[PDB]
>>> print(open('target-v1.txt').read())   # compact mmCIF, C-alpha atoms
# COMPACT_ATOMS: atom_id res chain seq x y z
CA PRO Q 420 18.05 0.07 -4.22
CA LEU Q 421 17.22 2.90 -6.70
CA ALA Q 422 14.15 5.02 -5.90
CA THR Q 423 11.24 5.02 -8.41
CA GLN Q 424 7.56 6.28 -8.40
CA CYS Q 425 6.39 2.76 -7.38
CA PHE Q 426 6.68 0.67 -4.29
CA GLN Q 427 5.32 -2.42 -2.60
CA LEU Q 428 4.17 -2.71 1.03
CA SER Q 429 4.38 -6.17 2.66
CA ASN Q 430 3.04 -7.75 5.93
CA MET Q 431 -0.09 -5.52 5.80
CA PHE Q 432 -2.46 -8.52 6.42
CA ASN Q 433 -2.88 -12.30 6.06
CA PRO Q 434 -5.63 -13.07 3.46
CA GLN Q 435 -6.43 -16.41 5.26
CA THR Q 436 -7.29 -14.54 8.53
CA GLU Q 437 -9.33 -11.77 6.72
CA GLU Q 438 -13.05 -12.64 7.07
CA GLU Q 439 -14.87 -9.22 7.07
CA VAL Q 440 -16.45 -8.31 3.68
CA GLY Q 441 -14.60 -5.48 1.88
CA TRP Q 442 -11.49 -5.78 4.12
CA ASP Q 443 -9.22 -5.02 1.10
CA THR Q 444 -11.11 -1.73 0.45
CA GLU Q 445 -10.37 -0.74 4.11
CA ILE Q 446 -6.62 -1.59 3.64
CA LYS Q 447 -6.64 0.51 0.42
CA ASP Q 448 -8.20 3.49 2.35
CA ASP Q 449 -5.58 3.05 5.19
CA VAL Q 450 -2.76 3.39 2.61
CA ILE Q 451 -4.37 6.36 0.72
CA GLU Q 452 -5.02 8.25 4.02
CA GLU Q 453 -1.42 7.67 5.22
CA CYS Q 454 0.18 8.66 1.83
CA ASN Q 455 -1.83 11.97 1.83
CA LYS Q 456 0.64 13.11 4.57
CA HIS Q 457 3.29 12.73 1.84
CA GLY Q 458 2.52 13.32 -1.84
CA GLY Q 459 -0.55 11.21 -2.50
CA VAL Q 460 -1.26 8.11 -4.65
CA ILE Q 461 -2.28 7.70 -8.34
CA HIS Q 462 -2.60 3.84 -8.30
CA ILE Q 463 -3.05 1.20 -5.62
CA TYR Q 464 -3.61 -2.58 -5.70
CA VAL Q 465 -4.27 -4.72 -2.63
CA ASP Q 466 -3.12 -8.28 -3.41
CA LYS Q 467 -5.91 -10.48 -1.89
CA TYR Q 468 -4.13 -13.75 -2.76
CA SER Q 469 -0.45 -13.59 -1.60
CA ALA Q 470 0.16 -14.83 1.96
CA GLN Q 471 2.81 -11.98 2.35
CA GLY Q 472 0.09 -9.25 2.57
CA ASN Q 473 1.21 -7.11 -0.37
CA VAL Q 474 -0.02 -3.66 -1.40
CA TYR Q 475 1.24 -2.11 -4.69
CA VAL Q 476 1.42 1.70 -4.82
CA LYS Q 477 2.26 4.28 -7.52
CA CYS Q 478 2.90 7.89 -6.44
CA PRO Q 479 2.52 11.02 -8.67
CA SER Q 480 6.36 11.52 -8.56
CA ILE Q 481 9.66 9.84 -7.44
CA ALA Q 482 9.93 12.48 -4.62
CA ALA Q 483 6.40 11.53 -3.34
CA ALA Q 484 7.37 7.79 -3.39
CA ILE Q 485 10.69 8.51 -1.46
CA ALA Q 486 8.73 10.47 1.19
CA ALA Q 487 6.14 7.60 1.48
CA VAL Q 488 8.72 4.67 1.51
CA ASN Q 489 10.92 6.40 4.16
CA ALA Q 490 7.87 7.13 6.38
CA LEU Q 491 6.13 3.70 5.95
CA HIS Q 492 9.07 1.26 6.06
CA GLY Q 493 9.51 -0.33 9.51
CA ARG Q 494 6.17 0.90 10.88
CA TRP Q 495 3.75 -1.15 12.95
CA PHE Q 496 0.44 -1.96 11.21
CA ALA Q 497 -2.14 -4.02 13.16
CA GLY Q 498 0.63 -5.41 15.44
CA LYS Q 499 3.03 -6.47 12.65
CA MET Q 500 6.08 -4.73 11.13
CA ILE Q 501 5.60 -3.57 7.52
CA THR Q 502 8.27 -3.38 4.81
CA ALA Q 503 8.26 -0.81 1.96
CA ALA Q 504 10.38 -1.60 -1.14
CA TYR Q 505 10.75 0.20 -4.51
CA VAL Q 506 9.45 -1.49 -7.66
CA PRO Q 507 11.17 -0.70 -11.02
CA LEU Q 508 8.79 1.27 -13.30
CA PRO Q 509 8.84 -1.39 -16.17
CA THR Q 510 8.12 -4.17 -13.59
CA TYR Q 511 5.16 -2.16 -12.16
CA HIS Q 512 3.72 -1.33 -15.63
CA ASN Q 513 3.98 -4.99 -16.72
CA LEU Q 514 1.82 -5.94 -13.67
CA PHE Q 515 -0.54 -2.91 -13.92
CA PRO Q 516 -0.67 -1.48 -17.49
CA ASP Q 517 -3.62 0.86 -16.55
CA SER Q 518 -1.29 2.64 -14.05
CA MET Q 519 0.86 3.97 -16.99
CA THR Q 520 -1.72 6.76 -17.78
CA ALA Q 521 -2.97 7.30 -14.16
CA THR Q 522 -2.59 11.01 -13.15
CA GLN Q 523 -5.52 11.72 -10.77
CA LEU Q 524 -4.87 11.55 -7.01
CA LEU Q 525 -6.93 8.82 -5.33
CA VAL Q 526 -9.54 9.51 -2.62
CA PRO Q 527 -10.44 6.93 0.13
CA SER Q 528 -13.81 5.15 -0.27
CA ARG Q 529 -14.89 5.67 3.38
CA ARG Q 530 -15.64 8.93 5.32
CA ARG M 89 -10.51 2.05 13.32
CA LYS M 90 -6.85 2.10 14.41
CA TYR M 91 -4.24 -0.09 12.68
CA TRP M 92 -1.31 2.31 11.94
CA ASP M 93 1.39 2.29 14.72
CA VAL M 94 -0.46 -0.43 16.73
CA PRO M 95 2.24 -2.66 18.37
CA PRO M 96 1.63 -6.41 19.11
CA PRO M 97 -0.61 -7.16 22.18
>>> encode(input="target-v1.txt", output="structure tokens")
Amino acid sequence: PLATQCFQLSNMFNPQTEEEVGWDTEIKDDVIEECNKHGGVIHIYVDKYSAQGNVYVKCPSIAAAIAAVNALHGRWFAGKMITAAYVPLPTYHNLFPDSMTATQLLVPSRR
Amino acid sequence: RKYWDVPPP
């Protein structure tokens, strides 16, 4: 598959077994913190409804996304193996139009 | 909080 600025993480959680309030905000912060070791994030969306446990990410550049996908794919997260896969830029922008103009690097919500 | 690189129990 061809590398792009965007990718999807899968198997990050099971929404049916997530009971704690603001659990998706904690997942978001886990992804931002981990991608700061690479090139950062400009857009993130935690899918609270798919059983697959999907997280959508947009990096500031294709190089930043390659660094993040290579480092995150096949990792353990909360005792489960996660998959990282590229998302074509028109597919990502159709899902998240507000990500088209995103430029600012995201900061985690928690300390 | 530790979830990254945590293998199954």
>>> residues_around(input="target-v1.txt", residues="range 441-456 of chain Q", least_positions_apart="2", cutoff="9 Å", atoms="all atoms listed in the file", output="compact mmCIF listing (two decimals) with C-alpha atoms, keeping the file's coordinate frame")
# COMPACT_ATOMS: atom_id res chain seq x y z
CA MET Q 431 -0.09 -5.52 5.80
CA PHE Q 432 -2.46 -8.52 6.42
CA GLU Q 437 -9.33 -11.77 6.72
CA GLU Q 438 -13.05 -12.64 7.07
CA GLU Q 439 -14.87 -9.22 7.07
CA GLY Q 458 2.52 13.32 -1.84
CA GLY Q 459 -0.55 11.21 -2.50
CA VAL Q 460 -1.26 8.11 -4.65
CA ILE Q 463 -3.05 1.20 -5.62
CA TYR Q 464 -3.61 -2.58 -5.70
CA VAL Q 465 -4.27 -4.72 -2.63
CA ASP Q 466 -3.12 -8.28 -3.41
CA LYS Q 467 -5.91 -10.48 -1.89
CA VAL Q 474 -0.02 -3.66 -1.40
CA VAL Q 476 1.42 1.70 -4.82
CA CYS Q 478 2.90 7.89 -6.44
CA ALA Q 483 6.40 11.53 -3.34
CA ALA Q 484 7.37 7.79 -3.39
CA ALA Q 486 8.73 10.47 1.19
CA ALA Q 487 6.14 7.60 1.48
CA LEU Q 491 6.13 3.70 5.95
CA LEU Q 525 -6.93 8.82 -5.33
CA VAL Q 526 -9.54 9.51 -2.62
CA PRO Q 527 -10.44 6.93 0.13
CA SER Q 528 -13.81 5.15 -0.27
CA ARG Q 529 -14.89 5.67 3.38
CA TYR M 91 -4.24 -0.09 12.68
CA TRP M 92 -1.31 2.31 11.94
>>> atom_distance(input="target-v1.txt", atom1="CA of residue 479 in chain Q", atom2="CA of residue 427 in chain Q")
15.0 Å
>>> interface_residues(input="target-v1.txt", of="chain Q", to="chain M", cutoff="7 Å", atoms="all atoms listed in the file", output="ChimeraX atom specification")
/Q:494-499
>>> residues_around(input="target-v1.txt", residues="range 506-516 of chain Q", least_positions_apart="4", cutoff="9 Å", atoms="all atoms listed in the file", output="list in words")
residues 421, 422, 423, 424, 425, 426, 427, 464, 475, 477 and 520 of chain Q
>>> atom_distance(input="target-v1.txt", atom1="CA of residue 485 in chain Q", atom2="CA of residue 502 in chain Q")
13.7 Å
>>> atom_distance(input="target-v1.txt", atom1="CA of residue 492 in chain Q", atom2="CA of residue 472 in chain Q")
14.3 Å
